[PDB]
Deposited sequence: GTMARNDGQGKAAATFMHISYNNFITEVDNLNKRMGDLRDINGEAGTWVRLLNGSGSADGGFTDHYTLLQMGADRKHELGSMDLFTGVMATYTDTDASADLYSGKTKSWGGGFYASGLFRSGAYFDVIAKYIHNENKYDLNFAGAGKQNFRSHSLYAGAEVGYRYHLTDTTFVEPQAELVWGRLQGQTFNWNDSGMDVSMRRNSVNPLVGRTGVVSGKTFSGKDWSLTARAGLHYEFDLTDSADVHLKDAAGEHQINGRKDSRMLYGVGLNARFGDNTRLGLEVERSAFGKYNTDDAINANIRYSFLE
């Protein structure tokens, strides 16, 4: 009757929202994860592919897993002591999520543009704007709600800056700060905001025509459903490899602790081909 339906309605609105916010959070990236190392590339154009597979968990019995496949193309402009990459990208995501109240799958596509600036000083920025469309198909385990299909979408803007400080010829530390903001609308209009501050340190090995950089990162991250507060420490290890002049590979694994929502495991990989005209 009315009381059960109102309770149901409340649970459905909370669920729609959790899933919508989850779809946004899942897309939050950073320069190294998407693009790998962009320093000192001898090539005026590039193509890249990035894959991410990972799992998160939170309260309410929440657990999810996602796969992200992204590809992009850019041009490099050398302008004084700045290398500027301007590019475009397409994205796809498949996510499986469940909690005490629901179980289901979201399939998404999106795309956007980015500009990444790498300075001879060691400074860098990365700015991105993208669109993400989500198709959600979920069982609601409550109020005879059954199977529910609904769509959401969002606008995403991100700005990250950072600065590489060499300690020696082959080691560095790189503090970083990022802020991501969005407008999320689904069948709610909320404006999430996620921020991160952190440090990566690195050790580079090399031979005559290859290099391999081992990386360790530790970051503070906070996230707001509406610009409902959560925060966590992220811990990552990675490598970035160069083979000759044209091919790079990046790999990063990550986990978080202390969040209400955590990343329990995630492996990110990307390959970049860079080429002279």
{"property": "Deposited positions without coordinates, collected into consecutive stretches in sequence order", "result": "188-202, 243-258"}
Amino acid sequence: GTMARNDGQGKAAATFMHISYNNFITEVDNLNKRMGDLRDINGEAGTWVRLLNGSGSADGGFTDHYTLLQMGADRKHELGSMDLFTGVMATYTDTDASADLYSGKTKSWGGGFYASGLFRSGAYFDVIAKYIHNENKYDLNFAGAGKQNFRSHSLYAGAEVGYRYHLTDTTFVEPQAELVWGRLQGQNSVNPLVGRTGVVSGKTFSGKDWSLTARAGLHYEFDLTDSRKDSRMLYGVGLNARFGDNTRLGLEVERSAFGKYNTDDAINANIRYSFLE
From here on, numbers count along this sequence of modelled residues.
{"item": "Greater mean Cα temperature factor according to the PDB record, 206-214 or 32-40", "value": "206-214"}
{"item": "Given 76-84 and 143-151, the range whose Cα B-factors average higher in the PDB entry", "value": "143-151"}
{"item": "Residue selected from 136, 201, 170, 176 by maximal Cα B factor", "value": "170"}
{"item": "Maximum C-alpha temperature factor, selected from 247, 225, 240, 55", "value": "225"}
{"item": "Chain thirds of CA B-factor: placement of residue 267", "value": "lowest"}
{"item": "Cα B factor band for residue 100 (lowest, middle or highest third within the chain)", "value": "highest"}
{"item": "Residue 191 CA temperature factor, ranked by third within the chain", "value": "highest"}
{"item": "For residue 197, the third of its chain into which the C-alpha B factor falls", "value": "middle"}
{"item": "Chain thirds of CA B-factor: placement of residue 24", "value": "lowest"}
